[PDB]
> 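Please find one structure pasted underneath; my questions will follow.
FYI, side chains are in, hydrogens and waters are out, and symmetry mates aren't considered; it's all heavy atoms of this structure. So that the names make sense, note that chain A is the first sequence line, chain B the second, and so on, each numbered from 1.
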Amino acid sequence: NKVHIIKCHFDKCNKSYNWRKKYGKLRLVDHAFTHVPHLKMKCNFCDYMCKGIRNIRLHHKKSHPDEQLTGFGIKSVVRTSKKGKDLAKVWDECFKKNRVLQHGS
DNA sequence: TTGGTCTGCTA
DNA sequence: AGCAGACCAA
Ligand SMILES: [Zn+2]
Ligand SMILES: [Zn+2]
């Protein structure tokens, strides 16, 4: 579980992250989504909107503590979003070239 | 908010 | 495994 330098390969982006296998991909997925125009996470309990899985979960925790029901899992985003193909596409454009992001290597 | 870092378990 | 909840710092 050593530290790896993960680089975003999207056009004109110089973002990089210190990353370990155990971290998982939340921060990386959210960064890829910043390259998706007009993509927004809408709160299912009010008119709040934001970008990013981490942010919408923080909104749920702070603004809706009576809703014990949890937000979406990271492995549900691609397969249930109407723009899921675009989301998986922007992930590949951003991070696919980082070989260590592959499972089992 | 976001980054850097951390880790128990539906281990 | 790595999700996803956690901390503090900026
Ligand atoms: Zn980027
Ligand atoms: Zn809300």
> What I'd like to find out is whether the side chain of A/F72 reaches to under 4.5 Å of the side chain of A/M41, using heavy atoms alone.
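Yes. Closest side-chain heavy atoms under 4.5 Å.
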> What is the distance, rounded to the nearest whole Å, between atom NZ of A/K75 and atom P of C/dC3?
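Value for this atom pair: 5 Å.
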> Quick check: on DNA chain B, is the nucleotide nearest A/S16 upstream (toward 5') of the one nearest A/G24, or the reverse? Name the residue that is more 5'.
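Looking at DNA chain B, the more 5' nearest nucleotide goes with A/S16.
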> Describe the nucleic acid contact of A/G104 in one word from base, sugar-phosphate, nothing, applying a heavy-atom distance below 4.0 Å.
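Nothing: the residue A/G104, judged by heavy atoms under 4.0 Å, touches no strand.
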> Ignoring backbone atoms, establish whether A/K15 has a side-chain N or O less than 4.0 Å from OP1 or OP2 of B/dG3.
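Yes, such a contact exists.
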> Whole angstroms only, please: what is the CH2-P distance between A/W19 and B/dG3?
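These atoms are roughly 16 Å apart.
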> Scan every strand shown for a Watson-Crick or G-U wobble partner of C/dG5, both distances under 3.5 Å, and answer none if you come up empty.
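Because both required distances fall under 3.5 Å, C/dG5 counts as paired with B/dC6.
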> Within the modelled atom types, does a donor on one side and an acceptor on the other bring the side chain of A/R57 and the base of C/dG5 under 3.5 Å apart?
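No.
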> With a 3.5 Å cut-off and heavy atoms only, can you find an N or O donor on one side and an acceptor on the other between the side chain of A/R27 and the base of B/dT5?
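Indeed there is one.
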> How many Å lie between CE on A/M41 and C1' on B/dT1, as a whole number?
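Whole-Å distance recorded here is 16 Å.
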> May I ask you to verify if any side-chain N or O of A/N18 is less than 4.0 angstrom from the OP1 or OP2 atom of B/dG3?
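Looking at the OP1 and OP2 atoms of B/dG3, neither is under 4.0 Å from any side-chain N or O of A/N18.
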> In whole angstrom, what separates A/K61's NZ from C/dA4's P?
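The answer, rounded to whole Å, is 14 Å.
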> Taking CG from A/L101 and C1' from C/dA1, how many angstroms apart are they, rounded to a whole number?
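Whole-Å distance recorded here is 14 Å.
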> Starting at atom OH of A/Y23, determine the distance to atom P of B/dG3, rounded to an integer number of angstrom.
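The answer, rounded to whole Å, is 13 Å.
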> Send over the distance from A/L26 CG to C/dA1 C1', rounded to a whole Å.
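From A/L26 CG to C/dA1 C1': 16 Å.
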> Kindly indicate whether the side chain of A/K22 and the base of C/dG2 share any N or O donor-acceptor pair separated by less than 3.5 Å?
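It does, because a donor-acceptor pair links the side chain of A/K22 to the base of C/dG2 below 3.5 Å.
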> For the residue pair A/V77 and A/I53, establish whether any side-chain heavy-atom pair is separated by less than 4.5 Å.
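They are in side-chain contact.
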> Angle class for the A/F45/A/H60 ring planes (parallel below 30°, perpendicular above 60°, tilted otherwise)?
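Rings of A/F45 and A/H60: perpendicular, as their planes differ by over 60°.
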> Below 4.0 angstrom from OP1 or OP2 of C/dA1, is there any side-chain N or O of A/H103?
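Answer no for this pair, as no side-chain N or O of A/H103 is under 4.0 Å from OP1 or OP2.
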> Tell me the interatomic distance from A/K21, atom NZ, to B/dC6, atom P, rounded to whole angstroms.
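Taking atom P of B/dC6 as the reference, NZ of A/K21 is at 18 Å.
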> For the residue pair A/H64 and A/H59, categorise the inter-ring angle as parallel (less than 30°), tilted (30 to 60°) or perpendicular (more than 60°).
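Ring orientation, 0 to 90° scale: perpendicular.
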> Considering only atom P, compute the distance from B/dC6 to B/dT10 and round it to an integer number of Å.
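Here B/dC6 and B/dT10 have their P atoms 23 Å from each other.
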> Does the C/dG5 base have a donor-acceptor partner in the side chain of A/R54 within less than 3.5 Å?
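Flag unset: no donor-acceptor pair detected.
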> Checking all strands, does A/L58 fall into the base, sugar-phosphate, or nothing category for heavy-atom contacts under 4.0 angstrom?
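Since a base atom lies under 4.0 Å of A/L58, the category is base.
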> Please check: side-chain N/O of A/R20 versus main-chain N/O of A/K2, any donor-acceptor pairing under 3.5 Å?
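No: the side chain of A/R20 does not pair with the backbone of A/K2.
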